[PDB]
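Consider the single chain below, provided in structure tokens and representing the form deposited in one PDB entry.
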């Protein structure tokens, strides 16, 4: 068994209504107040548009939900309402429906995002510290609210680099944490999946998000994006093990008595744990410091229990320059 080191019982200590999303009854407003102006993208579950509220000229983002079990809509809506006002969490402005078709949509505050592929190649050392600190605020907040995001990745971290605004978006995979609950491991993008997911360990917690965070930090300070670039879920764990080491993986599996899919036997090979300094070269040296590597080493660990919490990460000396500037 395993449980979170922080906020483990927080949902059990709240009213059932807080976490019992199947019982939640959203108030669905009228989508006709919104004029769609540009398609921003599309996923399995939704289509996203930039829009204008015609009643007050507010620019927003509208996510129109594709056919799904209502349970998942209720989950995302209840999570977003529980996270209301949370630091650097995308603001849900309203839950609306087409008044005729009854197709639901979520209305979010607009962020003028800088494409991450471009942004990440121009970040300074301070920029990385700043944005990572701001992202950690969002994760600490949602964890404190009993919620795992489960899809942390660059595409889900909107950054307006001109106004220095960051928002964690795309809460459709997020769940409530309950001790001892077994969760679906089919969450997160491949490159950001924690080892626990890749070895089919279902008793995971908020610390999954801290692995994904760590992957982002590595990509930023080392300028290798994504940092662990697997070709499929099996290869993803191999890519991790080539850095963190295979004997170290087996120690993790043994501690938690994790059964390893035997297809891994033919592909993991034998790999030493690598020094993080091995990733430094002239193109990234100005982004890497002893403090950055110490932090990264404490995030990208197999053992989910031993990863820093979001709060512990925010307390790390790597962020002292940001704290100073904010004070």
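Note that the rigid core is defined as the largest set of C-alphas that superpose within 1.5 Å between two forms. Residue numbers count along the first chain shown, from 1.
Item to complete: Return whichever of 260-268 and 52-60 has the greater mean Cα B factor according to the PDB record.
Response: Taking the mean C-alpha B-factor of 260-268 and of 52-60, the larger value falls to 260-268.
Practice prompt. Name the higher of the two by mean Cα B-factor in the PDB entry, 303-311 versus 20-28.
Written response: Taking the mean B-factor of the alpha carbons in each, 20-28 is higher.
Worksheet item: Which listed residue, 140, 151, 196, 232, has the largest C-alpha temperature factor in the record?
Response: Highest C-alpha B-factor among the listed options: 232.
Item to complete: Kindly indicate the residue among 189, 101, 118, 207 with the greatest C-alpha B-factor in the PDB record.
Response: It is 118.
Item to complete: Looking at the entry's B-factor column for C-alpha atoms only, identify whether residue 200 ranks in the lowest, middle or highest third of its chain.
Response: Residue 200: CA B-factor falls in the middle third of its chain.
Worksheet item: Going by what the PDB entry lists, where does residue 127 fall on CA B-factor within its chain: lowest, middle or highest third?
Response: According to the entry, residue 127 has a C-alpha B-factor in the chain's middle third.
Item to complete: Check where residue 134 lands among this chain's C-alpha B-factors and tell me if it's the lowest, middle or highest third.
Response: As the PDB entry reports it, the C-alpha B-factor of residue 134 lands in the lowest third of its chain.
Item to complete: Divide the modelled residues of the chain into thirds by Cα B-factor and specify which third, lowest, middle or highest, holds residue 225.
Response: Its C-alpha B-factor belongs to the lowest third of this chain's values.
Worksheet item: Relative to the other modelled residues in the chain, which third contains the C-alpha temperature factor of residue 146: lowest, middle or highest?
Response: CA B-factor rank for residue 146: lowest third.
Another form, the form deposited in another entry, is not on view; read the next lines as being about it.
Discussion item. Quick check: residue 180 between the shown form and the other one - does its CA shift reach 2 Å or more after fitting the rigid core?
Written reply: After core superposition, the displacement of the residue 180 C-alpha between the shown form and the other one stays below 2 Å, so no.
Worksheet item: Is there a C-alpha shift of 2 Å or more at residue 45 between the shown form and the other one once the rigid core is superposed?
Response: Yes.
Worksheet item: C-alpha of residue 101: shift of 2 angstroms or more between the shown form and the other one, rigid core aligned?
Response: Residue 101: C-alpha displaced by 2 Å or more between the shown form and the other one.
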